[PDB]
Each structure stands twice: as structure tokens, then as C-alpha cells.
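Structural overview
Chain by chain, the residues:
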Amino acid sequence: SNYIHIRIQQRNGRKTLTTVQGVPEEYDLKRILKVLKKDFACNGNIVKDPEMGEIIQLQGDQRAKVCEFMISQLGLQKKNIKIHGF
Amino acid sequence: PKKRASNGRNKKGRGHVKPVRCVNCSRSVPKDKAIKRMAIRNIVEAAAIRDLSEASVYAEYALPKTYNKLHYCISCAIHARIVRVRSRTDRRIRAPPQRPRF
Amino acid sequence: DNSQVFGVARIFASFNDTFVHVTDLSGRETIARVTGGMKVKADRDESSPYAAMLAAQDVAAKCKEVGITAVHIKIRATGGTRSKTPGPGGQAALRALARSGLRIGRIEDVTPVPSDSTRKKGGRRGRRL
Amino acid sequence: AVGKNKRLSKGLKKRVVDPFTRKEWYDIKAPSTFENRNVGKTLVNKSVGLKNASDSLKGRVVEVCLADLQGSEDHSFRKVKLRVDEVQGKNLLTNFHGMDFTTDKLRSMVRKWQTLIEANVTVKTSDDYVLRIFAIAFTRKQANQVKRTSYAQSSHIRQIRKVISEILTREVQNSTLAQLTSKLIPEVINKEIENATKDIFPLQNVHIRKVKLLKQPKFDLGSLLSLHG
Amino acid sequence: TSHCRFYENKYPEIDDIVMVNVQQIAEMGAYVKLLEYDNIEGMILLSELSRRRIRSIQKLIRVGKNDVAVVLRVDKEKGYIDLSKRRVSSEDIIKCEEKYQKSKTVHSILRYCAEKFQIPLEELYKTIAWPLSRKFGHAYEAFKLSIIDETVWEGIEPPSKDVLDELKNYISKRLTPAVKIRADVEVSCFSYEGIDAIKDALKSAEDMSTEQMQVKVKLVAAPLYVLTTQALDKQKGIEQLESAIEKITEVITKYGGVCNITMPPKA
RNA sequence: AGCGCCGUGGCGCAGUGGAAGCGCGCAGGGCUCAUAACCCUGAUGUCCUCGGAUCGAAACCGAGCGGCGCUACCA
RNA sequence: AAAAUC
Ligand SMILES: [Mg+2]
Ligand SMILES: [Mg+2]
Ligand SMILES: [Mg+2]
Ligand SMILES: [Mg+2]
Ligand SMILES: [Zn+2]
């Protein structure tokens, strides 16, 4: 249940977008986007996708860094969250 | 470098001038540097005077003109072709463009 | 005078709408209130000259069935602060009133002009299209 | 069309029926001071017991062109507002309400390189009509001027407007509504103003605008019938 | 033969909106047949064809498919109809397709009648369809009211009574709409005797069942008792279930328990 | 165990009553210097199985199947 | 208008 994983979508000119799918509601999302923006210097979106869920889209190609934020903010598991190569 | 001697604003001795709004982008610009045009036109175009004249109870009635002053911002007017870029030597020609209707 | 039934055209033409609306000499009671934007569906051509022409034809038919025979022209712009120029469609509306049987007299403009009275929409720097 | 949500705050069928069959016409007559006394014809809903049609009639205002009430075209620019107050049945009788210029002449007279003179006055008439009268003037280029402009110093403006105030007060405080209108129709007040102000500054396009009524006393039927026929 | 139109007149009126089958486009637009008026070819030119500019001249217009068009002009002299695709509102397209499917359904029914009876469809529409579209404004509403009231067939002469019998049989087979009304009730008993109370309450509930309206109060759990009823008119089932509520509450007021409702009678 | 929803051509929605729909994909092409965007072209089905009224059904029903949803573990 | 790469 409620598995967590991150994906990378490429673009023109090597530019990349990162998506974490599934976020616990224990901590709210705007309060988390605020500190995502500073620590990442990348634009972010709390987008709604049907049958998928709320997604915090972020710019760039960063996986260990969103994970490093996750380990400190709410995540205490580091086992359910999956990293995708792509 | 001084683009213009008159600074393209035309105050020279008032410190400050009341600003007026553009009619196209609603920019506040000083009234002196406001590139104004008086648009005197008829209420109907040249292609409609016939129909109105033949559909008029008054035989000799002359249709009245609409008057309004237009205050542009500078950018809208450079965009809307009413004001034209010039060569450097021709900038200083103050006289309005010579009447084509000679 | 052959007893023409007189009215006023009260053509109101914005850049987004055109109003052809005849009423009596007093102007209090309203014979026809068909709107230029009614005659079209795209909602971008509400002020298009065709829409005004068609609404004007509708008004002329309504007048000739009511009994109105002659009309005074009241062209209006948006007035106030928005604009001082006639709407693009109102001209074709007047044309259609013209070529539609009804007699016309006393064409004038009644654009409400302010004495530089209030702040205008847009801010300091204005529209930045 | 039909770009509508129909969010109405509901009947199965609404009987709009005929709105105009329950309506009747009424002919308008002007005060005798106007020559072509017949005015036009206005429509109104037919009488009902609870609400008198004449009640809705008394209080109406009608705009007319002065040339229509004169016949001459020397008064196409003027605009007379009359007031519907009394109705004789299939015919209604009106009292003077106000005067104006059509905007066309107004903006036509306002040219560049000449300073306009605007004057206002508030004054009671002979009987009780509290009026406000405006006066426009334009400084005239002499028939010899090489001076491109014809501007006037503020002192000239102030003396001119004092003279205007005196003339208008003298003209209004003496005469009544009928006399006042009979003076306005030939605009002899214009000639008097020009004659008085020709000593101070040469003046052009003097007119009397926007004869605006502030207050009217209690209505007198006999006077209204006197102004008519 | 299948040729007659659905509506009254032969040539379209002005400013009416219909739905057209596309057949061919050459250089000026699509001059295609009509499927709502009498079969006739009308022209839809390019600047009257796409709300979008004209980038996909093959996508939005499909040769052999039907899309909504609007009448702009009708030359009621020789053969010509002017139609446009852009001048249809976003909401209006829904009503246009509604009317088109309406027309197609009635046309298919009358076409079945004509194919079985070998009568030209023109006579079927003339003797029947147009009088019903005059009396009620439409022939489909008239079939629907024929289902509930035969009197719609009064005053009109059929081509033959067997045609009337076959068409009434076909509309009964097709245009038939027994609304399923369910309520559910919660027995919240804590008392001594509740099972015989449920037994006799449901026995009374099943007793009031009529030959036409049958009720079988079924069980899905201990508290949740479901009342399923069929209502031929949608108004009798609610009364049946209210009477049932009365019966169960009366039975349970005496034994000691309590019975509560979750969903009252709703279709 | 009982009652609600569904049955692709790879995926979804649509028509459900003239007999194979569209978009999303996928593949190729064109646009071009060149990528997206955009513009064309296709090739895949007893639209789950078995019966029935019906000229006719994938569509209307039903006698069964698979997967979802609620009641709720129903001695 | 929307214009992207380099
Ligand atoms: Mg520079
Ligand atoms: Mg100084
Ligand atoms: Mg710009
Ligand atoms: Mg803003
Ligand atoms: Zn501007």
C-alpha cells in the first residue's frame, strides 16, 4: 500500500523534471513546497492528477537531494521510497 | 549620449507637468510628452453617407462630426504607426509632415 | 409633416458589444432590446459589424411592425474612462438602420465625456500586452 | 448566443403575450413660445384602475431639436428638454425644463490658439424658477492680427465674466419663463453680451449653454393653459 | 423506399441548426447531404467550416460522418442551401445531436414499418408522423404519450390498421422505459424479542403487496433490511415503503426495541 | 454468502438497437538544417462466453464467467 | 499573440 517512487522526465536541451508520486498528508504541502524551493532553487507544482494523486513536480534532475529532504522532513523509513533510473 | 536636445519631452521651465493617461495601454505619461492627435471624423464613413441621406426625413440635414483628442503613450504610438522613427539628421525637422494633399 | 412616428436609436457600441435599442421620444419605455452579441455565438464577434447589422435589421423589423417610422440616432461609446471612440460594430448597425426602410433624422453623438474625473483602469504602467 | 448558465434565483410556461396591445399613444404639445407647436407622439401602457396612466405621464422628459420646433435650420445645434406634467387625454401638454447644445457644436467651437471663457450663474426668475445659466465665449482673432494666438490675460477674463454675470442676472431676474424663452429663441442675449464685452476684449462664438433648472414652484394650471394654444 | 424527411417542410427555414453527413469537399467547401430536412445538398465553405483556422482540413471534417451544421441561407427557388459549422454554440451542439438522434430513432422505426409493409415512407409520414408532430410538436413525444394514452391516434386516418398494430407493437418493444425503488432500514434492537417482530413486520409488509406492485424485503445483514419495490408510476412505491416504515415501527414500539431508518424511499 | 459497476484494436470514452468508433498510443511519412509543436497515413475485434424476440444486434434481455464496489464473516 | 533549441 501507498508506495512512494520518483520519476524523471527529460526535455529539449538536457533539461529535466522530477516527480515524486504519493506524499503523506501528515505534513501539509505548501509548507513543504516553501522549503523545497529554497533548498533546490527549482520551480515546483502541486499538481492534481486523477486516480494518481497530488504530485510535487520539481525542476532539474535531483534524486538523492529530494531523498535527503525526505529523510529529514517526514520520512523515517527510507525503504518504501523508490528511486527510478530511467 | 544625448538623444535629443529638447529631451523629447518639451517642458524646459516647469519642473513638473500633470500626467495624462494613454488611450490605448492606459500609461500615465506627462502631458507635454504625450504625442497627441485630434481625431476629427464623421459619425458615418464615406461608404454610408448615401444610405443615411436617402433614409433621412430631413432633406438638407448634414451629419455632424465626432471630436476627441487622443493622448497616446509613446510605445503604443510607435507600435500603431502614427509616429515614425527617423534618421538622425531628420529628427530635428519640427514641422509636421508636409501635406500630401498639395 | 405626414405624421411620422419618431423614436431614437440609442446605438451603444463598445469594443466587445454593440447595442441597437430603439425607444420613444421620451426614451422612458423601450420598444426593442435585441443585442448585437445575441445574433452571434463565437462571443469574440459580439462587436463584429455583421452582428450589429443583423441586430439592426431585427430592430427595423420590430419597428415597422410596432408602428415606428422615423428614428433619431444616438451613437454612444463606452464613455466614462474605458474609451472615447465608437465601437467597431455600431457603424454597421447605423448602416443597417439606414438601408432597412425606416426614416432617419437627427444623427448625433452622445458619448459621456468626463472632466478628467477619476482614476482609469490599468495602473501607472497600464496594459502590458 | 446562448452563452448562458441560466442560474435563475421557474414556471413551466411564461405568457409574454402582447406587450404593445395594452399600450396606447399620446400626442405631445409644446409651449406656445415655440412655433411648430406639435411635438410628436409617445407610447405608454393603457390605463388601469389602481395606477393612472396620467400619473406615469406627469414627470416624463422629452428631448427635441430646436430646429424641429422652429422650422429654420439656424437652430439645429440646440436641444430643448420639455417636461410632461399635464395630460388632456390622447394629448399631453408640457412645460419648459431645460436647454442644451448638441455636443457637436460644443466641440466645434472649442479650437486651439484661442482661450475660451466659461461663466456660470445661479438665479431666481421673476416668479420662482430657480435656474442655473452657463455662458461660453471665445476670444476672436482681430481682422488684422499677425499674432497667431489670441489669448487673453486673466484680468480680461475676469472683467468679461463679471460683465456676463451682470447681464445674465439682469436678464433673468426681470422676466418669467415665457419671456425668458422668447428671449433665448432669437438669442438676443448673445448680442447684448457681445455689445457689452466689445469694449474689453474682442469676443467670438458667444453662446448660452445648458440652461439648467434647479427648482420649480407649485404648479399652476391656468398658467400652463396660457402657455398653450 | 426510404426518402421522406422527418420535419414538415421541404426546404429549410432560416437560422435553424441541423446535423449533416459529409460526403465530399472539392475547393470551395463541403457540399453534403442533409439528414434532418428533406435530403438535399448544402454547401459549407471553409471560413464557415472550422472554429480553428484551417490547419487540419482532413481531421475536423470527415467524409462519411455526421457533424452539426447551421442554416445560413436557403434559396427556395432551385436547389441551394448554405450551411456553416462554426456558428454553433458549445451548449447548442448537445441539443443538435439530441434532435438528430431523435429524428434518426423515429426514422428507423418508421423505416422498419415501411420495410415490413412495403408502403413508401412518404405516405407513412404524411398519414401519421406530421399530424402527431403538429398535435404535440413532435412525433417522438407522441409515441411516448401513445404508450401511456392511445388517444393520440384519434382523429388521424392510418394507411391501414395493421400498420397501426405493427407500429404500436414496435414502440412497445422499443420505447418502453417499473422504476426500482429501494429503501433501507436499521433495526437497532436491544430488547427481548426482535426476531418474531421482524418476521411478522415483514409478513405484514409482504401482505400489502399488490398483483402489480410486489415487495420482497430482503436481508443483506443483521441491521440492514433492504426494501426493494417496483413502481409502474414512481409514486406508489414511496407510499408502500412509508406504510412499511409504519408497520415495523409499530411492531417494535411494543416488543421494546427500536428501529431506525437510513435511506427512505428513493428511486 | 447477498445487492451494485465493468468487459478494446495496445489504453480510455462512446454509441447502444443499419453491423466496427474516436482520442490516446504505436509505426511510418511530411513540415525543417533540426528537435519538439503541428500536418497526413495506417494495422489490429463472436467490444467476456452461451441462448432468445428481432430482415437485422457487439447494442434488448436472460443463464453463466472473470475483475472491481458496498453489506458484512453473516451459528 | 504563442517562439521554443544552439
Ligand atoms: Mg541609447
Ligand atoms: Mg523660473
Ligand atoms: Mg510593447
Ligand atoms: Mg492586476
Ligand atoms: Zn498606450
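Rules of the game
Residues numbered from 1 in each chain as written, not as in the entry; some residues may be left out. Chains lettered and ligands numbered in written order. Part of a larger assembly, values for the part shown. Heavy atoms only, no water. Residues with missing side-chain atoms left out of burial classes, pairs and counts. Near = heavy atom within 4 Å. Polar contact = N/O pair within 3.5 Å; in protein donor to acceptor, adjacent residues only side chain to side chain. Nonpolar A, V, L, I, M, F, W, Y, C, P; charged D, E, K, R; others polar. UniProt positions renumbered as here; feature names shortened; annotations may be inferred. Helix = DSSP H or I, 4+ residues; strand = E, 2+ residues; numbered from the N terminus. Donors = N, O, S within 2.8 Å, 3.2 Å for Na, K, Ca; no water. Buried < 20%, exposed > 50% of the residue type's maximum accessible area, 1.4 Å probe, protein only. Contact = heavy atoms within 4.5 Å. Core = buried A, V, L, I, M, F, W, Y, C linked by side-chain atoms within 4.5 Å. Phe/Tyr/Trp six-rings, centres within 6.5 Å; stacked < 30°, edge-to-face > 60°. Patch = residues over 30% accessible without salt bridge, like charges linked within 9 Å, V, L, I, M, F, W, Y side chains within 5 Å. Areas by Shrake-Rupley, 256 points an atom, 1.4 Å probe, with all protein chains shown as cover. Salt bridge = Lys/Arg side-chain N within 4 Å of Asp/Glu carboxyl O. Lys, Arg positive; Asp, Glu negative; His and termini not counted. Charge placed at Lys NZ, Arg CZ, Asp CG, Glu CD. Pairing = 2+ DSSP bridges. Disulfide = S-S within 2.5 Å. Buried area = accessible area lost by both parts, 1.4 Å probe. Expected span 1.5 Å × (residues − 1). Domains from an automatic or database assignment.

**Comments concerning the protein's contact with RNA strand F**
Residues and elements named next belong to chain E. Within the structure, RNA strand F sits among 16 residues, and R55, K59, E115, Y170 and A221 are positioned closest to it. Here RNA strand F approaches the protein such that, of its atoms within 4 Å, sugar and phosphate make up 61%. The separation between a phosphate oxygen of RNA strand F and a polar main-chain atom of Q58 is 3.5 Å. The side chain of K173 places a nitrogen or oxygen atom 3.3 Å from a sugar or linking oxygen of RNA strand F. Residues that form the surface near RNA strand F fall into these classes: four nonpolar, two polar and 10 charged.

**Quick notes on the UniProt feature "domain: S1 motif" in chain E**
The sites that UniProt annotates as "domain: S1 motif" are residues 15–86 of chain E. Regarding residues 15–86 of chain E, the helix share stands at 0% and the strand share at 39%, and the terminal C-alpha atoms are separated by 13 Å.

**Observations regarding the coordination of the zinc ion (ligand 5)**
Every protein donor of the zinc ion (ligand 5) is accounted for by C22 of chain B (SG), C25 of chain B (N), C25 of chain B (SG), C73 of chain B (SG) and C76 of chain B (SG), and the metal-donor separations fall at 2.1 to 2.6 Å. Accessibility expressed as a relative area gives 3% for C73 of chain B, which makes it buried.

**Structural notes on the environment of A114 of chain E**
All names here are of chain E. Positionally, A114 belongs in helix α1 (residues 92–117). Given a relative accessible area of 7%, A114 falls into the buried group. In the structure, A114 is positioned 10 residues away from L124 in sequence and 7.4 Å away in space, judged by C-alpha atoms. For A114, the contacting residues outside a window of four places in its chain are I119, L121 and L124.

**Overview of the nonpolar core**
Grouped together as the largest cluster of nonpolar side chains are 51 residues, with contacts concentrated most on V80, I133 and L168 of chain D. In terms of residues, this core owes the most to one element, helix α4 (residues 154–174) of chain D, which gives seven residues.

**Observations concerning the packing of aromatic side chains**
Scanning all chains against the criterion turns up seven aromatic pairs over all chains. Judged by centre distance (6.5 Å) and plane angle (75°), the rings of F40 of chain A and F69 of chain A are edge-to-face. Pair noted here: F40 of chain A is in helix α1 (residues 30–40) and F69 of chain A is in helix α2 (residues 64–73), with a separation of 29 residues, a long-range link. The class for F40 of chain A is buried, based on a relative accessible area of 14%. On the basis of relative accessibility, which here comes to 14%, the residue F69 of chain A falls in the buried class. Arranged with centres 6.0 Å apart and planes meeting at 15°, the rings of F77 of chain D and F101 of chain D form a pair that is stacked. Here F77 of chain D, found in the loop between α2 (66–70) and β4 (78–87), pairs with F101 of chain D, found in strand β5 (residues 91–101); they are 24 residues apart in sequence, far enough to count as distant. For the pair shown, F77 of chain D and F101 of chain D are each scored as buried. Site record: aromatic cluster; members linked through ring pairs are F6, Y7 and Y125 of chain E.

**Quick notes on a positive patch on the surface**
Residue and element names in this part refer to chain B. On the surface, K3, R4, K33, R88 and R91 cluster together into a positively charged patch. Within the secondary structure layout, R91 lies in the segment after α2 (74–79). The partly exposed category is assigned to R91, whose relative accessible area is 31%.

**Concerning the environment of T16 of chain A**
Residue and element names in this part refer to chain A. Its place among the elements puts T16 in strand β2 (residues 16–21). For the pair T16 and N80, spaced 64 residues apart in sequence, the C-alpha separation works out to 24 Å. The contacts of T16, once residues within four sequence positions are left out, are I8, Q9, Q10, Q59, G60 and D61. At a separation of 2.9 Å, a polar atom in the side chain of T16 contacts the main-chain amide nitrogen of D61.

**Focus: the environment of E192 of chain D**
Structurally, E192 of chain D is set in helix α6 (residues 188–197). Measuring from C-alpha to C-alpha, the distance between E192 of chain D and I164 of chain D comes to 9.7 Å, with 28 residues separating the pair along the chain.

**Concerning the pairing of β5 of chain D**
Along any regular strand the residues' side chains alternate between the sheet's two faces. Residues and elements named next belong to chain D. Most of β5 sits out of view: nine of its 11 residues are buried. Relative to β5, strand β1 (residues 23–29) runs parallel, the two being bridged by three bridges. Opposite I28, over in β5, you have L92 as the bridge partner. With nine bridges connecting them, β4 and β5 associate as antiparallel partners. Residue pairing across strands places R78 opposite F101, the latter belonging to β5. In textbook terms, the turn of a hairpin is the stretch between consecutive antiparallel strands, and for β4 and β5 this stretch comprises three residues, one of which, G89, has a positive phi near 95°.

**A few points about the side chain of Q21 of chain A**
Residues and elements named next belong to chain A. Along the chain, the position of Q21 falls in strand β2. The exposure class of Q21 is buried, given its relative accessible area of 18%. When residues no more than four places from it in sequence are discounted, the contact partners of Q21 are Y3, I4, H5, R7, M52 and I55.

**Notes on the state of the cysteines**
Residue and element names in this part refer to chain E. One pass over the full model with this rule turns up zero disulfides over all chains. Looking at the unpaired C189, the closest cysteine sulfur is the one in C259, lying at 4.5 Å. Here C189 falls in the partly exposed class, since its relative accessible area comes to 28%.

**Thoughts on the side chain of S26 of chain C**
Tracing the sequence through the fold places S26 of chain C in the loop between β3 (18–19) and α1 (49–66). A distance of 2.9 Å separates a polar atom in the side chain of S26 of chain C from a polar atom in the side chain of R60 of chain D. Not counting chain neighbours up to four residues away, the residues in contact with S26 of chain C comprise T42, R60, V61 and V62 of chain D.

**Describing the interface of chain B and chain C**
Each partner contributes residues to the interface: chain B has 24 residues there, and chain C has 28 residues. In terms of surface lost to chain C, no three residues of chain B exceed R21, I43 and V57 of chain B, which account for 23% of the buried area on that side. Scanning the region where chain B abuts chain C turns up one salt bridge. Residue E45 of chain B is joined to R95 of chain C by a salt bridge in which the shortest nitrogen-to-oxygen separation is 2.7 Å. Counting every contact that joins chain B to chain C gives 19 residue pairs in polar contact.

**Regarding α1 of chain E**
End to end, α1 of chain E covers 37 Å across 26 residues, agreeing with the expected 38 Å (1.5 Å per residue, within 8%). Taken as a whole, α1 of chain E has its buried residues at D92, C96, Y100, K102, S103, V106, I109, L110, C113 and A114 of chain E.

**Re the domain arrangement of chain E**
Once the domains are mapped, chain E shows domain 1 (16–91), domain 2 (92–172) and domain 3 (179–261). One C-alpha centre belongs to domain 2 of chain E, the other to domain 3 of chain E, and the line joining them spans 43 Å.

**With respect to the pattern of salt bridges**
All told, the structure shown has 23 salt bridges over all chains when counted by the stated rule. The residue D24 of chain C makes a salt bridge to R60 of chain D at a minimum N-O spacing of 3.1 Å. A residue pair is termed interchain when its members come from two chains, as with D24 of chain C in the loop between β3 and α1 and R60 of chain D in the loop between α1 (53–57) and β3 (61–65). Assigned by exposure class, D24 of chain C and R60 of chain D land together as buried. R111 of chain E is the partner of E115 of chain E in a salt bridge, and the nearest nitrogen-oxygen pair spans 3.0 Å. Residue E115 of chain E and its partner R111 of chain E are both found in helix α1; the two are separated by four residues, about one turn of the helix. Residue class for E115 of chain E comes out partly exposed when judged on its relative accessible area of 48%. The exposure class of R111 of chain E is partly exposed, given its relative accessible area of 38%.

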